[PDB]
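Student: What follows is the file protein15.pdb, containing PDB, C-alpha atoms (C1' of nucleotides) and all ligand atoms:
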```pdb
ATOM      1  CA  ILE I   4       7.650  89.068 -12.417
ATOM      2  CA  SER I   5       6.569  92.015 -10.268
ATOM      3  CA  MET I   6       3.560  94.324 -10.321
ATOM      4  CA  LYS I   7       5.901  97.325 -10.339
ATOM      5  CA  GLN I   8       7.606  95.936 -13.442
ATOM      6  CA  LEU I   9       4.225  95.639 -15.166
ATOM      7  CA  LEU I  10       3.213  99.183 -14.219
ATOM      8  CA  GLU I  11       6.543 100.643 -15.342
ATOM      9  CA  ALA I  12       6.209  98.824 -18.675
ATOM     10  CA  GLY I  13       2.683 100.242 -18.977
ATOM     11  CA  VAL I  14       0.916  96.873 -19.090
ATOM     12  CA  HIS I  15      -2.088  98.359 -17.292
ATOM     13  CA  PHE I  16      -3.289 100.589 -20.141
ATOM     14  CA  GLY I  17      -6.105  99.461 -22.398
ATOM     15  CA  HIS I  18      -7.917 100.893 -25.414
ATOM     16  CA  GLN I  19     -10.811 103.360 -25.498
ATOM     17  CA  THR I  20     -13.777 102.527 -23.286
ATOM     18  CA  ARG I  21     -16.172 102.516 -26.244
ATOM     19  CA  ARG I  22     -13.997  99.946 -28.042
ATOM     20  CA  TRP I  23     -13.793  97.418 -25.198
ATOM     21  CA  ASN I  24     -15.189  93.884 -25.173
ATOM     22  CA  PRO I  25     -17.724  92.953 -22.460
ATOM     23  CA  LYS I  26     -16.029  89.627 -21.716
ATOM     24  CA  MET I  27     -12.945  91.560 -20.566
ATOM     25  CA  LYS I  28     -14.850  92.876 -17.533
ATOM     26  CA  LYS I  29     -13.650  89.715 -15.785
ATOM     27  CA  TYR I  30     -10.140  91.224 -15.866
ATOM     28  CA  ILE I  31     -10.763  94.980 -16.112
ATOM     29  CA  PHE I  32      -9.799  96.839 -12.934
ATOM     30  CA  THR I  33     -11.167 100.356 -13.492
ATOM     31  CA  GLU I  34     -11.499 103.062 -16.138
ATOM     32  CA  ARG I  35      -9.389 106.223 -15.922
ATOM     33  CA  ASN I  36      -9.590 109.186 -18.311
ATOM     34  CA  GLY I  37     -11.981 107.149 -20.461
ATOM     35  CA  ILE I  38      -9.676 104.141 -20.929
ATOM     36  CA  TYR I  39      -9.916 100.844 -19.074
ATOM     37  CA  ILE I  40      -7.213  99.638 -16.682
ATOM     38  CA  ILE I  41      -6.315  95.952 -16.609
ATOM     39  CA  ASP I  42      -6.257  94.239 -13.212
ATOM     40  CA  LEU I  43      -2.529  93.828 -12.659
ATOM     41  CA  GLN I  44      -3.174  91.395  -9.796
ATOM     42  CA  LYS I  45      -4.848  88.911 -12.132
ATOM     43  CA  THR I  46      -2.175  89.777 -14.700
ATOM     44  CA  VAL I  47       0.608  88.727 -12.319
ATOM     45  CA  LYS I  48      -1.181  85.516 -11.365
ATOM     46  CA  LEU I  49      -1.985  84.657 -14.990
ATOM     47  CA  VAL I  50       1.499  85.428 -16.326
ATOM     48  CA  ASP I  51       2.930  83.126 -13.667
ATOM     49  CA  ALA I  52       0.473  80.444 -14.780
ATOM     50  CA  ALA I  53       1.481  81.008 -18.406
ATOM     51  CA  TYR I  54       5.149  80.857 -17.424
ATOM     52  CA  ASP I  55       4.484  77.490 -15.789
ATOM     53  CA  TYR I  56       2.431  76.272 -18.756
ATOM     54  CA  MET I  57       5.079  77.303 -21.281
ATOM     55  CA  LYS I  58       7.687  75.672 -19.050
ATOM     56  CA  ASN I  59       5.754  72.398 -19.161
ATOM     57  CA  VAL I  60       5.407  72.644 -22.944
ATOM     58  CA  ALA I  61       9.144  73.250 -23.304
ATOM     59  CA  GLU I  62      10.011  70.359 -20.989
ATOM     60  CA  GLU I  63       7.855  68.111 -23.186
ATOM     61  CA  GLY I  64      10.173  69.044 -26.061
ATOM     62  CA  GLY I  65       7.395  70.975 -27.762
ATOM     63  CA  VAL I  66       7.766  73.580 -30.493
ATOM     64  CA  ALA I  67       6.704  77.175 -29.827
ATOM     65  CA  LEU I  68       5.643  79.742 -32.430
ATOM     66  CA  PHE I  69       5.699  83.418 -31.446
ATOM     67  CA  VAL I  70       3.265  85.504 -33.499
ATOM     68  CA  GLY I  71       3.004  89.257 -33.740
ATOM     69  CA  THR I  72       2.786  91.698 -36.646
ATOM     70  CA  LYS I  73       1.932  94.734 -34.526
ATOM     71  CA  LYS I  74       4.341  97.561 -35.293
ATOM     72  CA  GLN I  75       5.248  97.530 -31.599
ATOM     73  CA  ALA I  76       5.617  93.778 -31.140
ATOM     74  CA  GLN I  77       7.318  92.633 -34.352
ATOM     75  CA  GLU I  78      10.942  93.302 -33.409
ATOM     76  CA  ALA I  79      10.537  92.275 -29.759
ATOM     77  CA  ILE I  80       9.052  88.844 -30.481
ATOM     78  CA  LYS I  81      11.691  88.146 -33.136
ATOM     79  CA  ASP I  82      14.538  88.760 -30.687
ATOM     80  CA  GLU I  83      12.985  86.716 -27.881
ATOM     81  CA  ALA I  84      12.032  83.808 -30.142
ATOM     82  CA  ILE I  85      15.564  83.702 -31.564
ATOM     83  CA  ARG I  86      16.949  83.829 -28.026
ATOM     84  CA  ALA I  87      14.661  81.001 -26.889
ATOM     85  CA  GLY I  88      15.507  78.999 -30.014
ATOM     86  CA  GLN I  89      11.841  78.802 -31.028
ATOM     87  CA  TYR I  90      10.344  80.031 -34.260
ATOM     88  CA  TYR I  91       8.565  83.277 -35.041
ATOM     89  CA  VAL I  92       6.395  85.155 -37.522
ATOM     90  CA  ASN I  93       6.728  88.922 -37.177
ATOM     91  CA  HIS I  94       5.961  90.700 -40.481
ATOM     92  CA  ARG I  95       2.877  89.058 -42.012
ATOM     93  CA  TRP I  96       1.058  85.859 -41.065
ATOM     94  CA  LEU I  97       0.342  84.160 -44.382
ATOM     95  CA  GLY I  98      -3.101  82.616 -44.631
ATOM     96  CA  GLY I  99      -2.839  78.859 -44.394
ATOM     97  CA  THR I 100       0.593  79.072 -42.768
ATOM     98  CA  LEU I 101      -0.332  75.995 -40.703
ATOM     99  CA  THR I 102      -3.556  74.614 -42.184
ATOM    100  CA  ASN I 103      -1.675  74.709 -45.507
ATOM    101  CA  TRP I 104       1.648  73.913 -43.819
ATOM    102  CA  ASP I 105       2.296  71.250 -46.456
ATOM    103  CA  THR I 106       2.181  73.890 -49.190
ATOM    104  CA  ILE I 107       4.271  76.373 -47.194
ATOM    105  CA  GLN I 108       6.973  73.731 -46.750
ATOM    106  CA  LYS I 109       7.487  73.891 -50.512
ATOM    107  CA  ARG I 110       8.304  77.600 -50.284
ATOM    108  CA  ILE I 111      10.582  76.851 -47.326
ATOM    109  CA  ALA I 112      12.340  74.223 -49.435
ATOM    110  CA  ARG I 113      12.596  76.815 -52.200
ATOM    111  CA  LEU I 114      14.179  79.211 -49.692
ATOM    112  CA  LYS I 115      16.670  76.549 -48.616
ATOM    113  CA  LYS I 116      17.575  75.950 -52.262
ATOM    114  CA  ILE I 117      18.161  79.633 -53.038
ATOM    115  CA  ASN I 118      20.482  79.787 -50.029
ATOM    116  CA  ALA I 119      22.499  76.803 -51.250
ATOM    117  CA  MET I 120      22.989  78.456 -54.644
ATOM    118  CA  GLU I 121      24.873  81.316 -52.983
ATOM    119  CA  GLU I 122      27.076  78.967 -50.953
ATOM    120  CA  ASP I 123      27.633  76.626 -53.904
ATOM    121  CA  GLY I 124      28.547  79.524 -56.196
ATOM    122  CA  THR I 125      25.748  79.232 -58.759
ATOM    123  CA  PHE I 126      25.047  82.951 -58.330
ATOM    124  CA  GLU I 127      28.603  83.741 -59.436
ATOM    125  CA  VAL I 128      28.116  82.019 -62.807
ATOM    126  CA  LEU I 129      24.484  83.117 -63.013
ATOM    127  CA  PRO I 130      23.463  85.764 -65.581
ATOM    128  CA  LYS I 131      23.014  89.269 -64.179
ATOM    129  CA  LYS I 132      19.229  89.141 -64.555
ATOM    130  CA  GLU I 133      18.962  85.642 -63.086
ATOM    131  CA  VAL I 134      20.979  86.334 -59.933
ATOM    132  CA  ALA I 135      19.254  89.671 -59.329
ATOM    133  CA  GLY I 136      15.794  88.180 -59.776
ATOM    134  CA  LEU I 137      16.588  85.178 -57.595
ATOM    135  CA  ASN I 138      18.010  87.459 -54.906
ATOM    136  CA  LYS I 139      14.733  89.395 -54.884
ATOM    137  CA  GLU I 140      12.808  86.134 -54.506
ATOM    138  CA  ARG I 141      15.041  85.041 -51.628
ATOM    139  CA  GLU I 142      14.400  88.401 -49.961
ATOM    140  CA  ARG I 143      10.629  87.891 -50.048
ATOM    141  CA  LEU I 144      10.888  84.333 -48.727
ATOM    142  CA  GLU I 145      13.084  85.493 -45.847
ATOM    143  CA  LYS I 146      10.880  88.515 -45.158
ATOM    144  CA  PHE I 147       7.796  86.298 -44.756
ATOM    145  CA  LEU I 148       8.927  82.774 -43.822
ATOM    146  CA  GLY I 149      12.361  83.688 -42.472
ATOM    147  CA  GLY I 150      11.504  83.212 -38.811
ATOM    148  CA  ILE I 151      10.032  79.728 -39.327
ATOM    149  CA  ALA I 152      12.407  78.473 -42.030
ATOM    150  CA  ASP I 153      13.615  75.670 -39.731
ATOM    151  CA  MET I 154      10.392  74.813 -37.896
ATOM    152  CA  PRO I 155      10.300  70.985 -37.997
ATOM    153  CA  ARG I 156       6.577  70.391 -37.475
ATOM    154  CA  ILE I 157       3.352  72.160 -36.535
ATOM    155  CA  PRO I 158       4.049  74.163 -33.349
ATOM    156  CA  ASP I 159       3.006  72.559 -30.080
ATOM    157  CA  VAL I 160       2.094  75.997 -28.696
ATOM    158  CA  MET I 161       1.406  79.388 -30.276
ATOM    159  CA  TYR I 162       2.146  82.597 -28.403
ATOM    160  CA  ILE I 163       0.327  85.602 -29.851
ATOM    161  CA  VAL I 164       0.333  89.376 -29.388
ATOM    162  CA  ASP I 165      -3.026  91.075 -29.902
ATOM    163  CA  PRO I 166      -5.154  88.223 -31.302
ATOM    164  CA  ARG I 167      -7.688  90.816 -32.464
ATOM    165  CA  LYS I 168      -4.950  91.989 -34.827
ATOM    166  CA  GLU I 169      -3.768  88.427 -35.540
ATOM    167  CA  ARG I 170      -7.253  87.181 -36.386
ATOM    168  CA  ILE I 171      -6.023  84.700 -38.993
ATOM    169  CA  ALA I 172      -3.407  83.145 -36.709
ATOM    170  CA  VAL I 173      -6.019  82.463 -34.020
ATOM    171  CA  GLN I 174      -8.296  80.777 -36.562
ATOM    172  CA  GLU I 175      -5.527  78.476 -37.796
ATOM    173  CA  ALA I 176      -4.631  77.538 -34.217
ATOM    174  CA  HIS I 177      -8.256  76.636 -33.484
ATOM    175  CA  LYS I 178      -8.528  74.562 -36.659
ATOM    176  CA  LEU I 179      -5.435  72.596 -35.609
ATOM    177  CA  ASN I 180      -6.421  72.439 -31.909
ATOM    178  CA  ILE I 181      -3.217  74.231 -30.887
ATOM    179  CA  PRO I 182      -3.152  75.937 -27.460
ATOM    180  CA  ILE I 183      -2.841  79.720 -27.601
ATOM    181  CA  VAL I 184      -1.051  81.974 -25.104
ATOM    182  CA  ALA I 185      -2.000  85.541 -25.964
ATOM    183  CA  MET I 186      -1.382  89.045 -24.671
ATOM    184  CA  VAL I 187      -5.076  89.900 -24.422
ATOM    185  CA  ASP I 188      -6.131  93.555 -24.440
ATOM    186  CA  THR I 189      -9.325  95.179 -23.201
ATOM    187  CA  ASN I 190     -10.859  95.080 -26.704
ATOM    188  CA  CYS I 191     -10.046  91.403 -27.351
ATOM    189  CA  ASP I 192     -11.988  88.176 -26.770
ATOM    190  CA  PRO I 193     -10.661  85.879 -23.998
ATOM    191  CA  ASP I 194     -12.649  82.777 -24.980
ATOM    192  CA  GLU I 195     -10.454  82.191 -28.039
ATOM    193  CA  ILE I 196      -7.270  81.877 -25.939
ATOM    194  CA  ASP I 197      -6.532  79.034 -23.535
ATOM    195  CA  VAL I 198      -3.869  80.912 -21.542
ATOM    196  CA  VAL I 199      -4.904  84.558 -21.236
ATOM    197  CA  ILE I 200      -2.455  87.301 -20.265
ATOM    198  CA  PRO I 201      -4.442  90.530 -19.740
ATOM    199  CA  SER I 202      -1.989  93.169 -20.944
ATOM    200  CA  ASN I 203      -1.614  96.184 -23.199
ATOM    201  CA  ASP I 204      -0.635  95.173 -26.727
ATOM    202  CA  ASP I 205       0.177  98.757 -27.766
ATOM    203  CA  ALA I 206       3.140  99.280 -25.396
ATOM    204  CA  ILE I 207       6.539  98.207 -26.706
ATOM    205  CA  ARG I 208       7.974  97.931 -23.195
ATOM    206  CA  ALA I 209       5.079  95.767 -22.015
ATOM    207  CA  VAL I 210       5.355  93.532 -25.084
ATOM    208  CA  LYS I 211       9.083  93.098 -24.486
ATOM    209  CA  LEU I 212       8.511  92.330 -20.802
ATOM    210  CA  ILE I 213       5.821  89.693 -21.363
ATOM    211  CA  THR I 214       7.461  88.148 -24.429
ATOM    212  CA  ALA I 215      10.814  87.904 -22.655
ATOM    213  CA  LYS I 216       9.141  86.138 -19.727
ATOM    214  CA  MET I 217       7.604  83.559 -22.060
ATOM    215  CA  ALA I 218      10.921  83.060 -23.852
ATOM    216  CA  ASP I 219      12.685  82.617 -20.508
ATOM    217  CA  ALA I 220      10.025  80.095 -19.499
ATOM    218  CA  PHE I 221      10.785  78.020 -22.587
ATOM    219  CA  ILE I 222      14.542  78.342 -22.027
ATOM    220  CA  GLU I 223      14.137  77.230 -18.412
ATOM    221  CA  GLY I 224      12.061  74.256 -19.539
ATOM    222  CA  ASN I 225      15.035  73.308 -21.716
TER
ATOM    223  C1'   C B   1     -26.848  66.552 -86.046
ATOM    224  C1'   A B   2     -22.533  59.496 -85.261
ATOM    225  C1'   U B   3     -16.999  60.720 -86.033
ATOM    226  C1'   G B   4     -11.063  61.189 -86.390
ATOM    227  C1'   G B   5      -8.092  64.611 -88.763
ATOM    228  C1'   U B   6      -7.948  69.405 -90.778
ATOM    229  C1'   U B   7      -9.761  74.609 -90.637
ATOM    230  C1'   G B   8     -12.489  79.397 -89.827
ATOM    231  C1'   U B   9     -14.033  82.625 -86.022
ATOM    232  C1'   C B  10     -13.938  85.964 -81.560
ATOM    233  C1'   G B  11      -8.300  87.153 -81.706
ATOM    234  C1'   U B  12      -2.516  87.349 -80.716
ATOM    235  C1'   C B  13      -7.859  89.591 -77.477
ATOM    236  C1'   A B  14      -5.308  88.560 -72.155
ATOM    237  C1'   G B  15      -7.520  85.803 -70.591
ATOM    238  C1'   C B  16      -8.706  80.237 -69.021
ATOM    239  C1'   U B  17      -7.961  76.990 -65.125
ATOM    240  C1'   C B  18      -6.161  73.491 -61.362
ATOM    241  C1'   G B  19      -3.500  71.628 -56.461
ATOM    242  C1'   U B  20      -3.561  72.539 -51.219
ATOM    243  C1'   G B  21      -5.699  75.889 -47.760
ATOM    244  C1'   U B  22      -9.783  78.768 -46.123
ATOM    245  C1'   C B  23     -15.083  80.949 -46.300
ATOM    246  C1'   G B  24     -20.328  79.320 -47.383
ATOM    247  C1'   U B  25     -25.789  74.493 -45.152
ATOM    248  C1'   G B  26     -25.438  74.629 -50.598
ATOM    249  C1'   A B  27     -24.751  75.895 -55.738
ATOM    250  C1'   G B  28     -20.430  78.604 -55.127
ATOM    251  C1'   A B  29     -16.507  81.978 -53.412
ATOM    252  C1'   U B  30     -11.337  83.165 -52.588
ATOM    253  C1'   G B  31      -6.353  83.135 -55.455
ATOM    254  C1'   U B  32      -7.625  85.665 -60.782
ATOM    255  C1'   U B  33      -9.970  90.924 -56.521
ATOM    256  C1'   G B  34      -7.843  95.905 -54.797
ATOM    257  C1'   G B  35      -3.267 100.792 -55.407
ATOM    258  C1'   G B  36      -0.160 101.464 -59.003
ATOM    259  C1'   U B  37       2.068  99.735 -64.053
ATOM    260  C1'   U B  38       2.175  97.481 -68.604
ATOM    261  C1'   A B  39       1.150  95.889 -75.200
ATOM    262  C1'   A B  40       0.055  91.842 -71.800
ATOM    263  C1'   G B  41      -3.343  87.759 -65.489
ATOM    264  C1'   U B  42       3.447  92.438 -67.739
ATOM    265  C1'   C B  43       5.369  93.636 -63.128
ATOM    266  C1'   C B  44       5.521  95.736 -57.938
ATOM    267  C1'   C B  45       2.720  96.517 -53.588
ATOM    268  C1'   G B  46      -1.510  94.731 -50.037
ATOM    269  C1'   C B  47      -4.577  91.197 -49.311
ATOM    270  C1'   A B  48      -6.954  83.990 -46.430
ATOM    271  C1'   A B  49      -4.679  82.996 -49.278
ATOM    272  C1'   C B  50      -0.047  79.981 -50.697
ATOM    273  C1'   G B  51       1.617  77.934 -55.364
ATOM    274  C1'   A B  52       1.154  75.816 -60.117
ATOM    275  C1'   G B  53      -0.331  75.010 -65.318
ATOM    276  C1'   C B  54      -2.282  76.623 -70.407
ATOM    277  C1'   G B  55      -1.856  81.509 -72.461
ATOM    278  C1'   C B  56       1.546  86.705 -72.384
ATOM    279  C1'   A B  57       6.812  87.410 -72.660
ATOM    280  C1'   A B  58      11.505  84.933 -73.808
ATOM    281  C1'   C B  59      14.102  80.875 -76.952
ATOM    282  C1'   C B  60      13.153  80.802 -83.524
ATOM    283  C1'   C B  61      13.238  83.252 -88.747
ATOM    284  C1'   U B  62      13.981  87.863 -91.592
ATOM    285  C1'   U B  63      15.473  93.118 -91.831
ATOM    286  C1'   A B  64      18.824  97.477 -89.937
ATOM    287  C1'   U B  65      25.575  98.204 -87.982
ATOM    288  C1'   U B  66      29.912  95.531 -87.657
ATOM    289  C1'   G B  67      34.774  92.154 -86.642
ATOM    290  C1'   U B  68      36.846  87.596 -88.064
ATOM    291  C1'   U B  69      37.179  83.086 -91.704
ATOM    292  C1'   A B  70      36.644  82.304 -96.549
ATOM    293  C1'   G B  71      37.958  85.126-102.281
ATOM    294  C1'   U B  72      34.895  81.783-106.960
ATOM    295  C1'   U B  73      31.189  81.435-111.245
ATOM    296  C1'   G B  74      31.262  87.071-107.100
ATOM    297  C1'   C B  75      33.929  92.390-106.362
ATOM    298  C1'   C B  76      37.881  96.098-109.044
ATOM    299  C1'   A B  77      40.408 100.560-105.099
ATOM    300  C1'   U B  78      45.714 100.283-105.859
ATOM    301  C1'   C B  79      48.303  98.839-111.149
ATOM    302  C1'   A B  80      48.944  97.904-117.000
ATOM    303  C1'   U B  81      45.855  95.969-120.975
ATOM    304  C1'   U B  82      40.655  94.936-123.230
TER
HETATM  305  K     K I 301      -9.733  75.938 -54.561
HETATM  306 MG    MG I 302       1.171  85.255 -66.392
END
```
Can I see the file as structure tokens?

Tutor:
Amino acid sequence: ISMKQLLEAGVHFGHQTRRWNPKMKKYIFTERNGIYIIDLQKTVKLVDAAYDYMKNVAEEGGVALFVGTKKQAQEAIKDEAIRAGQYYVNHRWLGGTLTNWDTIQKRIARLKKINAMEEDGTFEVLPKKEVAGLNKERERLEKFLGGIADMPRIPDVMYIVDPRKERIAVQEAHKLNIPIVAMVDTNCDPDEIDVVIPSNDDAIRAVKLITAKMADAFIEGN
RNA sequence: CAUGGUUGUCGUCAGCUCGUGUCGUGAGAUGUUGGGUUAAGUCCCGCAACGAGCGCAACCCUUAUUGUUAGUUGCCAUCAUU
């Protein structure tokens, strides 16, 4: 990845100066027009390190979970996770998604069952109300758990966009001692993330750029 | 005022709870709250909650329309007689 690519994607932008986090001074370059500017030099070095780290995880046969519910990041992470073959959560991170993974597997099994009914033809012989109601249930299960329906075990690594937004996901990862690779913004906390990627979380182009790099790292590892 | 069984009562009011998860040193909390909606914890939406159970509802009986099968001890329009 290139510094010009980062700048074009707008990675450098941060949030308001008043809303920053002191720990981010380690990565902040300068403030312009009242908003902080991430140090793209450290960003390039750290994204390369994260690329290498994700590559190692992939080569180990590990499972990756891409997390982002930001309006900007939701669609981008879905596409890249699908492309990489690893699983994703993009609409809403359900509390206990991993700490209560055992419970969530029951809903995933329920989702698998409702899919089989369509293929089998139960829906055809199902009463109007039944099929309609079951279709609505299937829609909710897909909308929430769709991106992780086939995740075999607890992810070996969790990539996150804007942990400050994805507070709950970070907490579950810590509880399960799962490494976190996050797009950290000027108002976030870097201590919570093992592999920090100082970047703007509020730029769709930047999110696509960084997320695609991570997905390519996993693909290369495989 | 040792009990089983049976019953009244709030009240057919919409509540009462648990599993896992999470928060809290702890009793506890969350879900069950909140925006709507309903007769209803009824349902949708959002939510560190995700589900489930007892309730609610539905399945049951009766009443209100009707087809078909049946046509006597019931009914009498078409017919004649009493
Ligand atoms: K509990
Ligand atoms: Mg109920």

Student: Which residues are near residue 169 (chain I)? Cut-off 9 Å, only C-alpha atoms (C1' of nucleotides), ignore same chain within fewer than 3 positions. Put them as JSON, numbers by chain.

Tutor: {"I": [70, 71, 72, 73, 96, 163, 164, 165, 166, 172, 173, 174]}

Student: Identify which of the residues B:76, B:39, B:13, B:23 lies closest to chain I, counting only C-alpha atoms (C1' of nucleotides) when measuring atom-to-atom distances.

Tutor: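 Of all the options, B:23 lies closest to chain I.
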
Student: Kindly indicate which residue among I:107, I:41, I:49, I:68 lies nearest to chain B, using only C-alpha atoms (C1' of nucleotides) for the distances.

Tutor: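 Of all the options, I:107 lies closest to chain B.
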
Student: Care to translate the PyMOL selection byres (((not hetatm)) within 9 of (chain I and resi 301)) into actual residues of this file, as a VMD selection string?

Tutor: chain B and resid 18 to 22 30 to 31

Student: Pick out the closest residue to chain B from this set: I:156, I:110, I:115, I:132. Count only C-alpha atoms (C1' of nucleotides).

Tutor: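 Selected residue with least distance to chain B: I:110.
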
Student: Starting from the shown file, work through the PyMOL selection byres (((not hetatm)) within 12 of (chain I and resi 302)) and note down what comes out as an MDAnalysis selection string.

Tutor: chainID B and resid 14:16 32 40:43 52:57

Student: Should the cut-off be 7 Å, what would the residue list for chain I against chain B look like, counting all atoms listed in the file, as a VMD selection string?

Tutor: chain I and resid 98 to 99 102 to 103 106 to 107

Student: Run the PyMOL selection byres (((chain I and resi 44) around 12) and not hetatm) against the file shown and list the residues it catches, as a list in words.

Tutor: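 Taken over the shown coordinates, the PyMOL selection byres (((chain I and resi 44) around 12) and not hetatm) returns residues 4, 5, 6, 7, 9, 10, 14, 15, 30, 31, 32, 40, 41, 42, 43, 45, 46, 47, 48, 49, 50, 51, 200, 201 and 202 of chain I.
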
Student: Would you mind listing what lies within 12 Å of residue 116 (chain I) as a list in words, with all atoms listed in the file counted and same-chain residues fewer than 3 positions away left out?

Tutor: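 In the requested form, the answer reads residues 109, 110, 111, 112, 113, 119, 120, 121, 122, 123, 125, 126, 137, 138, 140, 141, 144 and 152 of chain I.
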
Student: Nearest to residue 193 (chain I) among I:66, I:167, I:208, I:95, with distances taken over all atoms listed in the file: which residue is it?

Tutor: I:167

Student: Check the smallest atom-to-atom distance from each of I:77, I:188, I:159, I:194 to residue 62 (chain I) using only C-alpha atoms, then report the winner.

Tutor: I:159

Student: Report, in Å with one decimal, the straight-line distance from CA of residue 148 (chain I) to CA of residue 69 (chain I).

Tutor: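 Answer for the CA of residue 148 (chain I) to CA of residue 69 (chain I) separation: 12.8 Å.
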
Student: For a test of reading the model, state the distance in Å between CA of residue 168 (chain I) and CA of residue 191 (chain I), rounded to one decimal.

Tutor: 9.1 Å

Student: Can you list, as a ChimeraX atom specification, every protein, DNA or RNA residue that comes within 6 Å of region 19-21 of chain I when you count all atoms listed in the file, leaving out same-chain residues fewer than 6 positions away?

Tutor: /I:37-39

Student: If I wrap all listed atoms of region 59-78 of chain B in a box with edges along x, y and z and add 8 Å on each side, what are its centre and edge lengths in Å to one decimal, as AutoDock Vina command-line options?

Tutor:
```
--center_x 29.4 --center_y 90.7 --center_z -94.1 --size_x 48.6 --size_y 35.8 --size_z 50.3
```

Student: Please measure the separation of CA of residue 182 (chain I) and CA of residue 143 (chain I), giving the value in Å to one decimal.

Tutor: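 Separating CA of residue 182 (chain I) from CA of residue 143 (chain I) is a distance of 29.0 Å.
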
Student: Measuring between all atoms listed in the file, which one of I:29, I:170, I:94, I:18 shows the shortest distance to residue 205 (chain I)?

Tutor: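 Checking each candidate against residue 205 (chain I), we get I:18 as the closest.
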
Student: List as a PyMOL selection string the protein and nucleic acid residues near residue 84 (chain I), meaning an atom at most 10 Å away when only C-alpha atoms (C1' of nucleotides) are counted, but skip any in the same chain fewer than 3 places from it.

Tutor: chain I and resi 67-70+79-81+87-92+150+214-215+217-219+221

Student: Could you pull the residues within 8 Å of residue 24 (chain I), counting only C-alpha atoms (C1' of nucleotides), minus those fewer than 5 positions along the same chain, as a list in words?

Tutor: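 With the cut-off at 8 Å, the set is residues 189, 190, 191 and 192 of chain I.
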
Student: Kindly write region 51-69 of chain B with C-alpha atoms (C1' of nucleotides) to a file, as a PDB file, in the first residue's frame.

Tutor:
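Result file follows (selection.pdb):
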```pdb
ATOM      1  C1'   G B  51     -33.575 -17.710  23.746  1.00  0.00           C
ATOM      2  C1'   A B  52     -37.016 -20.530  26.485  1.00  0.00           C
ATOM      3  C1'   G B  53     -41.112 -21.882  29.846  1.00  0.00           C
ATOM      4  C1'   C B  54     -45.878 -20.899  32.784  1.00  0.00           C
ATOM      5  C1'   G B  55     -49.598 -17.320  31.510  1.00  0.00           C
ATOM      6  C1'   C B  56     -52.152 -14.202  26.784  1.00  0.00           C
ATOM      7  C1'   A B  57     -53.813 -15.877  22.016  1.00  0.00           C
ATOM      8  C1'   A B  58     -54.990 -20.302  19.097  1.00  0.00           C
ATOM      9  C1'   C B  59     -56.946 -25.710  19.229  1.00  0.00           C
ATOM     10  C1'   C B  60     -62.666 -26.987  22.350  1.00  0.00           C
ATOM     11  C1'   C B  61     -68.303 -26.166  23.268  1.00  0.00           C
ATOM     12  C1'   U B  62     -72.709 -23.154  22.078  1.00  0.00           C
ATOM     13  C1'   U B  63     -75.151 -19.256  19.122  1.00  0.00           C
ATOM     14  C1'   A B  64     -75.746 -16.402  14.090  1.00  0.00           C
ATOM     15  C1'   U B  65     -75.720 -18.137   7.240  1.00  0.00           C
ATOM     16  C1'   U B  66     -75.413 -22.220   4.192  1.00  0.00           C
ATOM     17  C1'   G B  67     -74.342 -26.972   0.676  1.00  0.00           C
ATOM     18  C1'   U B  68     -74.440 -32.172   0.842  1.00  0.00           C
ATOM     19  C1'   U B  69     -76.184 -37.142   3.283  1.00  0.00           C
TER      20        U B  69
END
```
